[PDB]
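Examining the three-dimensional arrangement
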Amino acid sequence: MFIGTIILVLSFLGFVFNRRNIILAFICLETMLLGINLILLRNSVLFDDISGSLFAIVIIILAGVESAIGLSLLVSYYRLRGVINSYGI
Amino acid sequence: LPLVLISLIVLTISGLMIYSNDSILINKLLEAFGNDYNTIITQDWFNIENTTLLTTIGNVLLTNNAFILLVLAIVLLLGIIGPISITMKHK
Amino acid sequence: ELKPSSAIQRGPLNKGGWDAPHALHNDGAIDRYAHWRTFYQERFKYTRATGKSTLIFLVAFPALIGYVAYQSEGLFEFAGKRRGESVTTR
Amino acid sequence: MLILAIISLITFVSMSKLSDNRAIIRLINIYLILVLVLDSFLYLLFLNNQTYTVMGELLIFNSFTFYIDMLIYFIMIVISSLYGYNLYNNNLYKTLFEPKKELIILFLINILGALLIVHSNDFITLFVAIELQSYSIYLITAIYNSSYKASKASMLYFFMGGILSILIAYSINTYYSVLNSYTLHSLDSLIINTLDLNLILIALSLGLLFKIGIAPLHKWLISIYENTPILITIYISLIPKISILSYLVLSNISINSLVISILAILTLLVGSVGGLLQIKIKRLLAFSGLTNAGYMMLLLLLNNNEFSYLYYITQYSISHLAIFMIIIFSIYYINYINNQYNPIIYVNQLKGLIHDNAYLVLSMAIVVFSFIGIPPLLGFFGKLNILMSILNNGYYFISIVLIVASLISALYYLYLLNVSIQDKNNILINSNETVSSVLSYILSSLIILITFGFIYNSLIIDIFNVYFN
Amino acid sequence: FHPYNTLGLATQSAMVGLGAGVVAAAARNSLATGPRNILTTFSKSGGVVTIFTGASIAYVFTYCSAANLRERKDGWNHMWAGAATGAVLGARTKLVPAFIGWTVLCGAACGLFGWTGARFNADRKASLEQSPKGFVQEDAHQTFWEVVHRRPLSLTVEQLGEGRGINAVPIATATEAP
Amino acid sequence: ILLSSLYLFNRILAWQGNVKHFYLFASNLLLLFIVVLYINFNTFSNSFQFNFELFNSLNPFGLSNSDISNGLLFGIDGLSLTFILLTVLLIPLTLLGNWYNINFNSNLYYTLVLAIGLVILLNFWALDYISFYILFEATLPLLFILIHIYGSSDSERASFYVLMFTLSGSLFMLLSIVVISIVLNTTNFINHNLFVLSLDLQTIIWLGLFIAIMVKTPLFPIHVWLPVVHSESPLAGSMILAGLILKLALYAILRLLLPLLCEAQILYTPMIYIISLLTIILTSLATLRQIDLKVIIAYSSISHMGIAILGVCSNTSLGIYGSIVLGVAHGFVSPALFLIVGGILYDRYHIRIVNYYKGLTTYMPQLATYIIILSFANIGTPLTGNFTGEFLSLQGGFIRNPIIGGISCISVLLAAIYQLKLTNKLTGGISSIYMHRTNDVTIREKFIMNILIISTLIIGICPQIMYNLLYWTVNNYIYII
Ligand SMILES: CCCCCCCCCCC(CCCCCCCCCC)(CO[C@H]1O[C@@H](CO)[C@H](O[C@@H]2O[C@@H](CO)[C@H](O)[C@@H](O)[C@@H]2O)[C@@H](O)[C@@H]1O)CO[C@H]1O[C@@H](CO)[C@H](O[C@@H]2O[C@@H](CO)[C@H](O)[C@@H](O)[C@@H]2O)[C@@H](O)[C@H]1O
Ligand SMILES: CCCCC/C=C/C/C=C\CCCCCCCC(=O)O[C@H](COC(=O)CCCCCCCCCCCCCCC)COP(=O)([O-])OCC[N+](C)(C)C
Ligand SMILES: CCCCCCCCCCCCCCCCCC(=O)OC[C@H](COP(=O)(O)OCCN)OC(=O)CCCCCCCCCCCCCCCCC
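Residues numbered from 1 in each chain as written, not as in the entry; some residues may be left out. Chains lettered and ligands numbered in written order. Part of a larger assembly, values for the part shown. Heavy atoms only, no water.

Per the deposited record, determination of this structure is attributed to cryo-EM, with the resolution reported as 2.4 Å.

Okay, structure coming up:
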């Protein structure tokens, strides 16, 4: 499924070849999840099957919690150093 | 750029091929671009209720898969307790 | 601020014993010779001579013995053999 | 019992002061023990290998999963003892080992995620459980946030585990797109013959397996293990490995996989050779974990793997706990404390441990020889069962590589004992403070299991024959 | 045994080695430190493309050539192929002891690989788990994994050969008088 | 009893503080007990006699009285009784040979030595492949610790060699034992000659067993660990390693290999003869250029083991009897030579370099006489068990292959050369300038040496005295149609 697949692949490449900042890594994670959900929802429509949409809903909730925890981790990392380097990890 | 190009081609092609069921690899890739046809949308009259996607999701999430909802409640609990644990300094 | 517990009392490690008089008068030259001979494997290198010895004893000699031992297997029987009888079986 | 403990603990800890931490942990410790001894009898349900689907076919309970759950409970009991009980009562040890307010809750939630992974019968259950365990493990890695290394490790964990979680999700959704199903139960011999699922199922296997750090994606997890506080490292290098490996063993989705064969070989080679030049204790133990992961990876290539996997994972868990406990016990005898999160860093700091505590070094010797595989220690019988399994199924080259890796990793296992039995110049005469009775008893029980467990081998096989056949 | 087509199979190997070396060069270029441009990837490759290509040619060509010449398929062909591959890889040392060491030791490791079946996973049908095992029935031929209580003496004479104690007739029976 | 005897041990330790008198007493009782067993051993029967099973599921901590055998089996026939007698003769002497020279942490040292002895003794009782393998490996960590803590200057490298080489061979033996286990679903030695595997599978299983044999014997070309390990070991380690542990390999050939893989063994015998002839000749010649006394003595054992191998693989009754007799005689004489070089000379002078030693006869005539006697015993002078073993082994080897055994007859000369070259310099010439005069041999040292010499002389004059335990054995393993 084209749009989801392209979004996932390009987001993965952006994550991997990121040499600019850490926020790009966070964004690439979020958008890879978006691409996966798009592929899933198209298949859910083509099968007329609720299982795909149920999994997509769960994916959305988990992406929210993962975002919250990832940004908490980033803030805890910031607390000791006061800055994020372009290699900040 | 070299690695980006090789990875682009390989990952895109493989992500289109994982969907096929043909034994031959070239046919696997070819099926990806194989929707030259329109789907025929037809009517029937067996659904008398006004049930939409949201209603059906609620129906399966709260009855068939209630366990998944409760585990998700635990995950949200984690999304509260964890941030507080590492962003707040007690005492 | 991170230090081992003050409660610990460490003394020296003495294995004890009676120091005997030194019955051997060590020769440094002999000791150096013995050290060179004992740890020769640490300095070995593959040259023409050492390689030739390697080829004679680890390759050639085993091959000669093996040819002999597989050619002569079952060939001889000697017990009570008489005149005119063959001592070979093949 | 676990869910109840998590709810009660959140409430109780919320109403408790930071000085109550250890007390609270002690409470939960005894609670877990009680659950293990009063609820054990439920094993009877699985007589003759009866399998139960539960929760509208979301969960699967059998004798294999029941055993894994008991093992995880036992591990949690041992590890929580290390936070609830002080090794010594002096100021330095208060500084070295103090439990955080929320750590016990994070441990219990992570254990829940692991147990749900083990029992997962549907892919939505698997993904929710995997994310529960992953998020918990990130927070556990981060909760000691005064440490620079721990915070950096938590960030690295978050990002690599997120990429691998994405790979797992994509695998599951490709499986759904091919079969309109979310359960492996829909796979039959006819379906496997008819369709090519190999790429999908191996993608799922690799997504799971890179999360416990097999080669060639081993360095990031080894870095995280090195850079966490030691009492965190004991937990985070064991529980995920057990949960993921147990799920893959029970799922049997990679039988006779060429890709898994090659990665298992690479993992054995990398784990054995890459441990050789290590000078830090935790890096050495991490490479040991990598090699033992390769051993267990071999069992994903064959059916009827349950006995050899259960034996190996049990004895390995026991040995891992024992070696970390021994390293913790040796902290009292070292000259130089490197920092408050990792009081001991270098193998050379154990030099002459025999002159300070001889029986600690005897315990170390037993554990090291078990890792090497000397009979009649448990490690020998684990390796023997694995060899029986793989040679029954024709994996000859891999059996030779297994032998070679065992011999190679013996060198870095013997490094610990070697430095530990050398001489040191200033040795201990007396000390007024004794190490804790509770933790010493736990360590001794582990040592005794490693030493004398073989006595029960035939009895164990007899029971296994009636609960797993 | 019908022959391998050494030329075509070896050309295929050439292509695959070149591709794999190109990929390794790209990865090497991305993972390194210091300034790096798009043309330096082969400049700072370390000759990795040549490693891949030369190993591919040596192994596949030698394996096919030895198999065709002996008209057999077994581990010995892989021993020869590994010997040639080790020769290629040890040429990079530029030292005769190291060249010899690579030759013999890679040849031995690949002979060990070929002897086990020349595979990393298993041949499932031939394995003990998928094979007739245990004690054979009445007078059946013994197969690889099967066990008997007595083998036929004719089989022993054929396999071991006559001599040094192996005889077609037991001694006491043959030396009985009438 | 066990409770009471443990109390006895505990109180002795509390009051004396040195465990060694108790260990000497326990080992002497063990020897007496084995002699009592020999008294009640039936010789007109080729069946295992004093059987017991351990760790059965019905009685994990007791003896098995069950109708299903799933524990570890133990029992003895005449062959195993021979080696058990050798073991219980040797153990107290290995305790007594270190009576005075171990001073720091001596309780641990004696515990390690006695444990190694007991493990070997149990190894000779094992009646199945797994019990045999377990007791086979269990000595390695004990030896590692003993050599590492109580060895000479190079003892770290030595401990690592003694662990790693033996583990290396043992793991290929383990492959073979696993294959036997899964193919036959049985592992015991009582009926394993009743199972006839296909010739191909036999040929494969043989390789693993023989790699382990090659490292443990040792044979050329994987022998180079033994001189190092012998040279750096403390005296009890050397005595056990040369007198007992090397005999486990010969026993393994008889017990584990020949009854099960008979046809493959026939097929492989010429390769064995190649390896053994290489061992004999090359190690004998390599001994001529050694400068360490203990290394020279260690190299001697390898050549004698080669002769024993040639005997035991000869497919003749004389060859197998000669191999066993040679094993026993070597177990008498080699520990005596190690006692001389690493117990008497080394405790007086703390050095092993040959250049330092010359003309010991002047101040120590008794030690010189012992050296001469043990040297001529070691090179197979008749009326010594060494001569009987070597002569019968060479007879069997010559029958098995006339050319190979005929060439093997040069070992008489080669052994004479290296041994008498050492003793000539040790006894003759003027007293060395580098060493001061010390005491001649003590009463304890003379006692040990006298025991060993009398044993080798008794079996040298009348080797037939072993036959009542071995006459079934010399027929149990030959394969003739
Ligand atoms: C201590 C040193 C360890 C190293 C030595 C191990 C070497 C293992 C080799 C031996 C062995 C495994 C035996 C395992 C036993 C336990 C394993 C031992 C421990 C393992 C650590 C592998 O045999 C392999 O040999 C290779 C050649 O070298 C072949 O290479 C390849 O060749 C080409 C492909 O066609 C390709 O071109 C290429 O892919 C390679 O070139 C392989 O295909 C072949 O499978 C033999 O097993 C097999 O034997 C055969 C007939 O014997 C059995 O079937 C028989 O059928 C009738 C006749 O057929 C008989 O009438 C019948 O009676 C019997 O039923 C089988 O059932 C099976 O059992
Ligand atoms: C009074 C309540 C106490 C119970 C608390 C148990 C806690 C488990 C904690 C840690 C795990 C340690 C190993 C568990 C033992 C396996 C039992 C079993 O036989 O395992 C079998 C399955 O064998 C296997 O797959 C292989 C297991 C591999 C074991 C490897 C270690 C062997 C050495 C252990 C020596 C035994 C020490 C005894 C000391 C006298 C499952 O047996 P089962 O599922 O029918 O349950 C048993 C009935 N039960 C619930 C009442 C207990
Ligand atoms: C850690 C290494 C691996 C450990 C695995 C193995 C551990 C074994 C532990 C040692 C215990 C074995 C020795 C005790 C068992 C023998 C007890 C016995 O009674 O033997 C039974 C046998 C028949 O007796 P029964 O059928 O009852 O009839 C009697 C009629 N009057 O009666 C007999 O025929 C007598 C049998 C004599 C056997 C001689 C045993 C010599 C050695 C004894 C102590 C060895 C201690 C070794 C310690 C180091 C660990 C190996």
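Having put the structure on the table, let's press on.
**Examining the interface of chain D and chain A**
At the junction of the two partners, chain D supplies 30 residues and chain A supplies 33 residues. Taking both sides of the interface into account, the surface hidden between chain D and chain A amounts to around 3,000 Å²; carbon and sulfur atoms contribute 80%. By the criterion of area lost to chain A, the three top residues of chain D are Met155, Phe159 and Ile166 of chain D, representing 21% of everything that side buries. Inspection of the region where chain D meets chain A yields zero salt bridges. Applying the counting criterion to the chain D and chain A interface returns six residue pairs in polar contact. Breaking the side of chain D that touches chain A down by element, the ones donating at least two residues are α6 (123–142) and α7 (148–179) of chain D. For the side of chain D that touches chain A, the element with the most residues is α7 of chain D, which contributes 17 residues. Considered class by class, the residues forming the side of chain D that touches chain A number 19 nonpolar, nine polar and two charged. (Contact = heavy atoms within 4.5 Å. Buried area = accessible area lost by both parts, 1.4 Å probe. Salt bridge = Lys/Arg side-chain N within 4 Å of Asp/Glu carboxyl O. Polar contact = N/O pair within 3.5 Å; in protein donor to acceptor, adjacent residues only side chain to side chain. Helix = DSSP H or I, 4+ residues; strand = E, 2+ residues; numbered from the N terminus. Nonpolar A, V, L, I, M, F, W, Y, C, P; charged D, E, K, R; others polar.)

**Points about the sheet that holds strand β2 (residues 59–63) of chain F**
Residues and elements named next belong to chain F. If you walk across this open sheet you meet the three strands as β2-β1-β3, and the pairing is antiparallel. Of all strands in the sheet, those with a lone pairing partner are β2 and β3 (72–74), marking the two edges. Taking each pair of neighbouring strands and ignoring which way they run, the sheet shows an average axis angle of 15 degrees. (Pairing = 2+ DSSP bridges. Axes fitted to C-alpha atoms, helices over the stretch in contact; angles between N-to-C directions.)

**Structural notes on the interface of chain D and chain F**
Across the contact, 31 residues belong to chain D and 29 residues belong to chain F. Between chain D and chain F, roughly 2,800 Å² of surface is buried when both sides are summed, and carbon and sulfur atoms account for 84% of that area. Here chain D and chain F share zero salt bridges between them. Our count for the contact surface shared by chain D and chain F stands at seven residue pairs in polar contact. Only α16 (353–356), α17 (358–372), α18 (378–392), α19 (396–420) and α21 (457–467) of chain D provide two or more residues apiece to the side of chain D that touches chain F. Here the side of chain D that touches chain F gets nine residues from one element, more than from any other, and that element is α19 of chain D. Residue classes in the side of chain D that touches chain F are distributed as 23 nonpolar, seven polar and one charged.

**Some thoughts on unusual backbone geometry**
Of the consecutive residues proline 375 of chain D and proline 376 of chain D, the connecting peptide bond is found in the cis state with omega at 0 degrees. Of note, the bond from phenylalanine 220 of chain F into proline 221 of chain F is cis; its omega dihedral lies within 30 degrees of zero at 5 degrees. We note that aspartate 48 of chain A has phi near 50 degrees; this positive angle belongs to a residue other than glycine. Inspection of the secondary structure puts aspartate 48 of chain A in the loop between α2 (22–47) and α3 (50–81).

**Looking at the packing of aromatic side chains**
Residue and element names in this part refer to chain F. Evaluated as defined, the whole model comprises 75 aromatic pairs over all chains. Each ring, one from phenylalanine 132 and one from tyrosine 251, has its centre 6.3 Å from the other, and the planes form 25 degrees; the classification is stacked. Taken together, the positions of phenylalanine 132 in helix α5 (residues 129–150) and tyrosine 251 in helix α10 (residues 247–257) put the pair 119 residues apart, joining distant regions of the chain. Judged by its relative accessible area of 0%, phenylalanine 132 is buried. Judged by its relative accessible area of 1%, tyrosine 251 falls in the buried class. The cationic tip of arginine 11 hangs over the ring face of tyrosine 7; the distance from NZ or CZ to the ring centre is 5.5 Å. Here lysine 20 stacks its cationic end above the ring of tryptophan 99, 4.4 Å away from the centre of that ring. (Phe/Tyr/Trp six-rings, centres within 6.5 Å; stacked < 30°, edge-to-face > 60°. Buried < 20%, exposed > 50% of the residue type's maximum accessible area, 1.4 Å probe, protein only. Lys NZ or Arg CZ within 6 Å of the ring centre and 35° of its normal.)

**Here we look at the nonpolar core**
The biggest cluster of nonpolar side chains holds 434 residues, and the ones touching the most others in it are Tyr235, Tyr309, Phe369 and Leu414 of chain D together with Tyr357 of chain F. With 18 residues, helix α13 (residues 317–349) of chain F is the largest single contributor of residues to this core. When residues no more than four places from it in sequence are discounted, the contact partners of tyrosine 235 of chain D are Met76, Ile79, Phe107, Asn110, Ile111, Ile137, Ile140 and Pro240 of chain D. (Core = buried A, V, L, I, M, F, W, Y, C linked by side-chain atoms within 4.5 Å.)

**Thoughts on the packing of helix α6 (residues 155–184) of chain F against helix α8 (residues 225–232) of chain F**
Residue and element names in this part refer to chain F. Orientation of α6 relative to α8, taken along the N-to-C sense of each, is 135 degrees, at an axis distance of 9 Å. One finds that α6 runs oblique with respect to α8. Read as a crossing pair, α6 and α8 show a hand that is left-handed. Of the residues in α8, those in contact with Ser155, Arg157, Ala158, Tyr161, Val162 and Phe165 of α6 are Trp225, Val228, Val229 and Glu232. Of the residues belonging to the contact of α6 with α8, the class tally is seven nonpolar, one polar and two charged. (Parallel < 35°, antiparallel > 145°, perpendicular 65-115°, else oblique. Left-handed = near helix turned anticlockwise from the far one by under 90°.)

**Digging into the pattern of salt bridges**
All names here are of chain F. Enumeration according to the criterion identifies 15 salt bridges over all chains in this entry. Between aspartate 77 and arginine 255 there is a salt bridge, and its shortest N-O distance comes to 2.5 Å. With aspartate 77 in the loop between β3 and α3 (78–96) and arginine 255 in helix α10, this pair connects stretches of sequence that are 178 residues apart. Look at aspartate 77 and you get buried, because its relative accessible area is 5%. Among the residues examined, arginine 255 registers a relative accessible area of 3% and is labelled buried. A salt bridge links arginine 348 to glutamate 445; its shortest N-O distance comes to 3.0 Å. Here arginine 348 is found in helix α13, whereas its partner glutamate 445 is found in helix α18 (residues 443–461), with 97 residues between them in sequence. Overall, the relative accessible area of 3% leaves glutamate 445 in the buried class.

**A few points about the sheet that holds strand β2 (residues 146–148) of chain E**
A sheet is described by the order of its strands in space; here three strands give the open sequence β1(E)-β2(E)-β4(F), paired in mixed fashion. Edge positions in the sheet fall to β1 (134–135) of chain E together with β4 (196–197) of chain F, since each has one partner strand and no second. Pairing between β2 of chain E and β4 of chain F: two bridges, direction antiparallel. The partner of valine 148 of chain E across the bridge, within β4 of chain F, is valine 196 of chain F.

**Some remarks on the site of ligand 2**
Residue and element names in this part refer to chain D. Neighbouring residues of ligand 2: 17 residues in total, closest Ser40, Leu310, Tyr456, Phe464 and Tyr467. Coverage of ligand 2 by the protein chains reaches 70% of its 1,200 Å² of free accessible surface. For the shell around ligand 2, a count of residues per class yields 14 nonpolar, three polar and no charged. (Near = heavy atom within 4 Å. Areas by Shrake-Rupley, 256 points an atom, 1.4 Å probe, with all protein chains shown as cover.)

**Focus on the pairing of strand β1 (residues 52–56) of chain F**
Residues and elements named next belong to chain F. Pairing of β1 with β3 involves three bridges; the strand directions are antiparallel. By the bridge assignment, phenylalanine 52 is partnered in β3 with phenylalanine 74. Alignment of β1 against β2, held across two bridges, turns out to be antiparallel. Residue pairing in the sheet places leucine 54 in a bridge with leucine 63 of β2.

**Topic: the site of ligand 3**
Lining the immediate environment of ligand 3, one finds 14 residues, of which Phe50, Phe52, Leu63, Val119 and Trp125 of chain F sit closest. Of the chains in the model, those with residues near ligand 3 are chains D and F. Its free accessible area being 1,100 Å², ligand 3 has 54% of it covered by the protein chains. Sorting the residues of the shell around ligand 3 by element identifies β1, α4 (106–125) and α5 of chain F as the ones contributing at least two each. Taken together, the residues that form the shell around ligand 3 break down as 13 nonpolar, one polar and no charged.

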